[PDB]
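This is what each chain is made of:
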Amino acid sequence: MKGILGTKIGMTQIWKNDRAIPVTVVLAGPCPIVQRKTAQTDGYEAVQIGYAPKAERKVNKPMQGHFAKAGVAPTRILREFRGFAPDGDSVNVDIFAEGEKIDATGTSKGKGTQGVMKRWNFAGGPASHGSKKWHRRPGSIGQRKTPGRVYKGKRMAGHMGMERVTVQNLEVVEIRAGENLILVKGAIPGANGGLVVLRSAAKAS
Amino acid sequence: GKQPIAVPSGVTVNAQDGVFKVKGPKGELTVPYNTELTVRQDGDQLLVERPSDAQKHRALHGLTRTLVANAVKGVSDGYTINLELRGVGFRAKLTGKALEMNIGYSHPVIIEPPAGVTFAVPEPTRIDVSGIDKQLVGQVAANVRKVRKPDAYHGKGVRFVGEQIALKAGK
Amino acid sequence: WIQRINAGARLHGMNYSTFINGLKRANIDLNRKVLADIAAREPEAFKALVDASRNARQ
Amino acid sequence: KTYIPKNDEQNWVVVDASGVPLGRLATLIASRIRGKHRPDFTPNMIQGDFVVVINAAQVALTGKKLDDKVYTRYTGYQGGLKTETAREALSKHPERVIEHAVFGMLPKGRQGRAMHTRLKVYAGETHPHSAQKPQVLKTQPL
RNA sequence: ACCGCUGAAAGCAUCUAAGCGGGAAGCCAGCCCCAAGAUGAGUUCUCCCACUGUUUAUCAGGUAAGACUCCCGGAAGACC
RNA sequence: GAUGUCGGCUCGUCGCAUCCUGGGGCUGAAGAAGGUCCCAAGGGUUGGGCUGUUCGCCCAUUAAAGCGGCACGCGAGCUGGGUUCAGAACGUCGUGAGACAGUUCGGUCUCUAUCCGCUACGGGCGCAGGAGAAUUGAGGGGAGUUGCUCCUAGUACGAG
RNA sequence: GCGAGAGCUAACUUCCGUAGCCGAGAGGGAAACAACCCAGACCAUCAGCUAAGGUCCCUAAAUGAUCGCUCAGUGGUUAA
Ligand SMILES: [Mg+2]
Ligand SMILES: [Mg+2]
Ligand SMILES: [Mg+2]
Ligand SMILES: [Mg+2]
Ligand SMILES: [Mg+2]
Ligand SMILES: [Mg+2]
Ligand SMILES: [Mg+2]
Ligand SMILES: [Mg+2]
Ligand SMILES: [Mg+2]
Ligand SMILES: [Mg+2]
Ligand SMILES: [Mg+2]
Ligand SMILES: [Mg+2]
Ligand SMILES: [Mg+2]
Ligand SMILES: [Mg+2]
Ligand SMILES: [Mg+2]
Ligand SMILES: [Mg+2]
Ligand SMILES: [Mg+2]
Ligand SMILES: [Mg+2]
Ligand SMILES: [Mg+2]
Ligand SMILES: [Mg+2]
Ligand SMILES: [Mg+2]
Ligand SMILES: [Mg+2]
Ligand SMILES: [Mg+2]
Ligand SMILES: [Mg+2]
Ligand SMILES: [Mg+2]
Ligand SMILES: [Mg+2]
Ligand SMILES: [Mg+2]
Ligand SMILES: [Mg+2]
């Protein structure tokens, strides 16, 4: 249910009581409501809010129409959340309480194309026992004539990164509302200045 | 094989369709019988004959009859089962309707009664499961018992008031 | 040809095989090429052959 | 010299599967679709009738056929064999039971796949096709 | 697997022959990721609108909304 | 007119005749620890010493250190220790040249993937107008391991 | 296939006797299939009958008839 948008600002050291907590600083700036999707409107229950501000001079006629219909003023980013309401618009105030466990989604830093070691954790090869250009390669890719083919899904070199990743049960250390900042324990995927969606827990714990 | 059906005056077995219902002085009851078996009242009493005299017909026969019979004693005298708790300080009580089993499991077992059924606890070590239908009371007191089957070494558990649990004797 | 014939046969409530013994019985001696073309092209006529054949069957 | 016609018609008809044994209904439907029952019948063209199915969810199945009849899909990856029982298929997505049988009973080349189209299953009592005013066809041996 | 409820054939009994309940790290769902080329191609919000061309020139041109090309970069990336 | 052959390495995935872990009947099952049998293939199944080892014995652990299939899986993926080319030696056989599935030291393992298959990433067209965005999830993939301690409770059980 | 030896009354085994087929045999059947079952193709035909084998849909042809059997998907592969 609960959810909001913001940007990953960075990681830092703070102390609650006497242990050094590592904290990721998130800015969940205010989100306007824009679209409210219901059953008889769209089939399914959801709300579409928006995050980063955007000047008119950069906004499509159709997009302007969109935003204008709910009179909101325009945003570089829209996203949906299944099963959500209140009224007005949405700041991380109230929406999160300190101590509450949340789920943080982002887009992992992308690594480009990566061999089987870096990508999958292959074992590599003998750096020295006569190994002949087989230091980093993935060994064998199959059996023999049964089944004369290569398994579908077989892990091998490829585009590692730039993927959507959700970390579960991160703990809301601090909330400075009206700076729209959530101090969150641990680590969120994706680089500084990246987009993150924060959510209630998926799990009860 | 079996036939006679002593149906006292407080009954009303509207044998209409295959839905040979009965309504009674403890509460109305409904019961499905085979259509192709044919059952009705032909006097003071009631009766369930049958078409073919093969095997299968002789099977849904006695079944069907004993079932109407159960429905009969059901809305009539009403049904009731008796249970004994036994073993080093076991005990039960009542939560509105819920049964409060304290059978030596670190954390106790409450039991909610399905509708038509009522729990009873006289002395705290004896339980009564009573009500309209016989099948269900069977099907529930079943649960109450299985909460702890009488073990084979010391008869500890839930049993039927006069059950002769055999004791195996250990060492 | 056979396919089409069976079809027409069954439009008027007759199986093909029974339709063809029907025809042989009444000693109508038609090609099934021709029987097909009757069946497909000329409704009433095929109908008539049907009635003749179920008569031959009676 | 033998007659080749012209696909003029687009003939639409509604079948109610309520209480009908699956295979048999599958035969009536499959056949109406393939074209046979049509005196002109021409194989290399598709001349079949459009078939709406209703009340798929109430299709009959000769016991103990639910709990025992198994459908099998395969995904390409190892351990891909996914199976589901008639009862399961029938609760999750009944239309796919009917589709699956009928599709078994059509040919399997270009033309047949093309024939799948002219099937339109719906579970329960209604359909959205009243604009094609389809004509009703009774389940019968005939 | 196994445990039972009611219960005939077989007056007894029986978990079953009609029926009913309890039951695993397994099954289906729930978790996270992809996903309408799901050619069966789905839904919603929005923007542009009803142009020009002697059919010797029955399909194109100039366009709108909107993009692309090109430049400078990037926590994106072999190229794209 | 060549289907490279032991073992290791690397990479997996399957069967179940189940090593662990979960459920259950029986017990010559008091409890605890077991034995055996039935259901169960989700996941898991350690590091070393000796030998070319497969295996097997040993050290030290473990919930467990499962058995097999996949050309005794996998050399256009690596090794090249074993074996089976030419050298040399021992023992043995042979008058000899030579020999042995005896031992011993030595001894070249072929830069370019065309198609299927596989991982990634684009271009085309399609989805009955041309566009910008937001999406339902048919269907598919990943994931699925376990110890120890504590409370319950020094309670049920037990003469202890 | 039948008759024997050898073989483990094993082998898509080996060696003889005997019939047929393949070899050197197309055509229908047995899903596919030298050999099995039907059957020996001079050529043309948008003609009729049959063989083995078949007549729910893919697939030509009775969702045939009547008296039964099995309820186990036995059917759709083994034994004490
Ligand atoms: Mg990068
Ligand atoms: Mg290394
Ligand atoms: Mg293959
Ligand atoms: Mg359950
Ligand atoms: Mg582009
Ligand atoms: Mg560049
Ligand atoms: Mg060659
Ligand atoms: Mg070669
Ligand atoms: Mg060799
Ligand atoms: Mg395994
Ligand atoms: Mg071998
Ligand atoms: Mg090998
Ligand atoms: Mg190879
Ligand atoms: Mg060597
Ligand atoms: Mg000598
Ligand atoms: Mg290539
Ligand atoms: Mg799905
Ligand atoms: Mg697909
Ligand atoms: Mg999987
Ligand atoms: Mg204590
Ligand atoms: Mg003590
Ligand atoms: Mg031979
Ligand atoms: Mg031949
Ligand atoms: Mg042949
Ligand atoms: Mg054939
Ligand atoms: Mg052969
Ligand atoms: Mg015959
Ligand atoms: Mg036919």
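Its PDB header names X-ray crystallography as the technique used to obtain the model and reports a resolution of 2.90 Å.

Per the PDB entry, chain D is named 50S ribosomal protein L13, and its organism is Deinococcus radiodurans. According to the PDB record, the title of this entry is "Crystal structure of the 50S ribosomal subunit from Deinococcus radiodurans". Per UniProt, chain D has the following entry under Function: "This protein is one of the early assembly proteins of the 50S ribosomal subunit (By similarity). Binds to the 23S rRNA." Regarding chain D, the UniProt comment filed under Sequence similarities reads as follows: "Belongs to the universal ribosomal protein uL13 family."

As annotated in the PDB entry, chain C is 50S ribosomal protein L20 from Deinococcus radiodurans.

1. Let's talk about the overall build of chain D
Helix and strand content of chain D: five helices and five strands. Counted from the first residue to the last, chain D has its helices and strands arranged as β-α-β-α-β-β-α-α-α-β. Dimensions along the principal axes, computed over C-alpha positions, put chain D at roughly 55 × 35 × 30 Å. Within chain D, the fraction of its 142 residues that count as buried is 39%. Taking the contacts inside chain D whose residues are at least 6 apart along the sequence as the reference set, 68% of them involve residues at least 24 apart.

2. A word on helix α4 (residues 43–57) of chain C
Residues and elements named next belong to chain C. When the terminal C-alpha atoms of α4 are compared, their 21 Å separation across 15 residues agrees well with the 21 Å that a helix rising 1.5 Å per residue should span. Those residues of α4 that fall on the buried side of the exposure criterion are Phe46, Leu49, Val50 and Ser53. The arc enclosing the buried residues of α4, seen along the axis, measures out at 105°, which places them on a common side. Residues of α4 that are buried sit in contact with α1 (2–11), α2 (16–25) and α3 (32–41).

3. Brief notes about the side chain of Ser31 of chain D
Residue and element names in this part refer to chain D. Within the secondary structure, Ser31 sits in helix α1 (residues 22–34). Judged by its relative accessible area of 17%, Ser31 is buried. At 2.8 Å, the side chain of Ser31 and the backbone oxygen of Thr27 are in polar contact.

4. Overview of the protein's contact with RNA strand F
Residues in contact with RNA strand F amount to 56 residues; listed here are only the nearest, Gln48 and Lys132 of chain A, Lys156 and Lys168 of chain B together with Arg96 of chain D. For RNA strand F, the fraction of protein-proximal atoms (within 4 Å) that sit in sugar or phosphate groups is 78%. A distance of 3.3 Å separates a sugar or linking oxygen of RNA strand F from a polar atom in the backbone of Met156 of chain A. Here a phosphate oxygen of RNA strand F and a side-chain polar atom of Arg96 of chain D are 2.4 Å apart. Where the surface near RNA strand F is concerned, the elements lending two or more residues are α2 (61–69) and β5 (78–82) of chain A.

5. Let's talk about the interface of chain D and chain C
Taken together, the contact between chain D and chain C spans 10 residues of the former and 11 residues of the latter. Of the roughly 900 Å² buried at the junction of chain D and chain C (both faces included), carbon and sulfur atoms supply 57%. Considering only the side of chain D, the residues that lose the most area to chain C are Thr2, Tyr3 and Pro39 of chain D, jointly responsible for 60% of the buried surface there. At the junction of chain D with chain C, the criterion picks out zero salt bridges. Where chain D touches chain C, the interface holds four residue pairs in polar contact.

6. Considering the sheet that holds strand β3 (residues 79–86) of chain B
All names here are of chain B. Here we have four strands laid out as an open sheet, ordered β7-β8-β3-β9, and antiparallel in their pairing. Each end of this open sheet is capped by a strand with a single partner; those strands are β7 (117–120) and β9 (157–160). Along the sheet, successive strands turn relative to each other by an average axial angle of 25°, direction set aside. Sheet analysis places β3 next to β9, joined by four bridges and oriented antiparallel. If you follow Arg86 over to β9, its bridge partner there is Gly157.

7. Some remarks on the packing of aromatic side chains
This structure, assessed with the given rule, holds four aromatic pairs over all chains. Where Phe81 of chain A meets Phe84 of chain A, the ring centres are 6.3 Å apart and the plane angle is 45°; that geometry is what we call tilted. Look at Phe81 of chain A and you get buried, because its relative accessible area is 6%. Taken together, a centroid distance of 5.1 Å and an interplanar angle of 20° make the contact between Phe19 of chain C and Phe46 of chain C stacked.

8. Focus: the protein's contact with RNA strand G
By nearness alone, 26 residues border RNA strand G, and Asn15, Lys24 and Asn31 of chain C together with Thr2 and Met105 of chain D come closest of all. Taken together, the sugar and phosphate atoms account for 80% of what RNA strand G places within 4 Å of the protein. A distance of 2.9 Å is found between a phosphate oxygen of RNA strand G and a side-chain nitrogen or oxygen belonging to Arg32 of chain C. Put simply, the parts of the chain that give the surface near RNA strand G at least two residues each are α1, α2 and α3 of chain C together with α1 and α2 (65–68) of chain D. Residue composition of the surface near RNA strand G, by class: eight nonpolar, seven polar and 11 charged.

9. Let's talk about the interface of chain A and chain D
Size of an interface, as often reported, equals the accessible area lost when the parts are brought together. Counting residues at the interface gives four residues for chain A and five residues for chain D. In this assembly, chain A packs against chain D so that about 370 Å² is buried in total across both faces, 46% of it on carbon and sulfur atoms. In this assembly, chain A and chain D are joined by zero salt bridges. At the surface where chain A touches chain D, the tally comes to one residue pair in polar contact. Of the residues in the side of chain A that touches chain D, the class split is one nonpolar, one polar and two charged.

10. Observations concerning a positive patch on the surface
Taken together, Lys109, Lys111, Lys118 and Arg136 of chain A make up a surface patch of like positive charges. Tracing the backbone through its elements, the reader meets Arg136 of chain A in the loop between α4 (116–120) and β8 (158–160).

11. A few points about the packing of α1 of chain C against α3 of chain C
Residues and elements named next belong to chain C. Here α1 crosses α3 at 45°, and the two axes come no closer than 8 Å. In terms of orientation, α1 and α3 fall into the oblique class. In the packing of α1 onto α3, the handedness of the crossing is left-handed. The residues of α3 that touch α1, namely those facing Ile2, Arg4 and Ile5, are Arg32, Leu35, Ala36 and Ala40. Residues that form the contact of α1 with α3 fall into these classes: five nonpolar, no polar and two charged.

What counts as what
- Residues numbered from 1 in each chain as written, not as in the entry; some residues may be left out.
- Chains lettered and ligands numbered in written order.
- Part of a larger assembly, values for the part shown.
- Heavy atoms only, no water.
- UniProt positions renumbered as here; feature names shortened; annotations may be inferred.
- Helix = DSSP H or I, 4+ residues; strand = E, 2+ residues; numbered from the N terminus.
- Buried < 20%, exposed > 50% of the residue type's maximum accessible area, 1.4 Å probe, protein only.
- Contact = heavy atoms within 4.5 Å.
- Expected span 1.5 Å × (residues − 1).
- Arc of directions from axis to C-beta.
- Polar contact = N/O pair within 3.5 Å; in protein donor to acceptor, adjacent residues only side chain to side chain.
- Near = heavy atom within 4 Å.
- Buried area = accessible area lost by both parts, 1.4 Å probe.
- Salt bridge = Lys/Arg side-chain N within 4 Å of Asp/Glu carboxyl O.
- Pairing = 2+ DSSP bridges.
- Axes fitted to C-alpha atoms, helices over the stretch in contact; angles between N-to-C directions.
- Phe/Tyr/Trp six-rings, centres within 6.5 Å; stacked < 30°, edge-to-face > 60°.
- Nonpolar A, V, L, I, M, F, W, Y, C, P; charged D, E, K, R; others polar.
- Patch = residues over 30% accessible without salt bridge, like charges linked within 9 Å, V, L, I, M, F, W, Y side chains within 5 Å.
- Areas by Shrake-Rupley, 256 points an atom, 1.4 Å probe, with all protein chains shown as cover.
- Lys, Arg positive; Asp, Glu negative; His and termini not counted.
- Charge placed at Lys NZ, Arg CZ, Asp CG, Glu CD.
- Parallel < 35°, antiparallel > 145°, perpendicular 65-115°, else oblique.
- Left-handed = near helix turned anticlockwise from the far one by under 90°.

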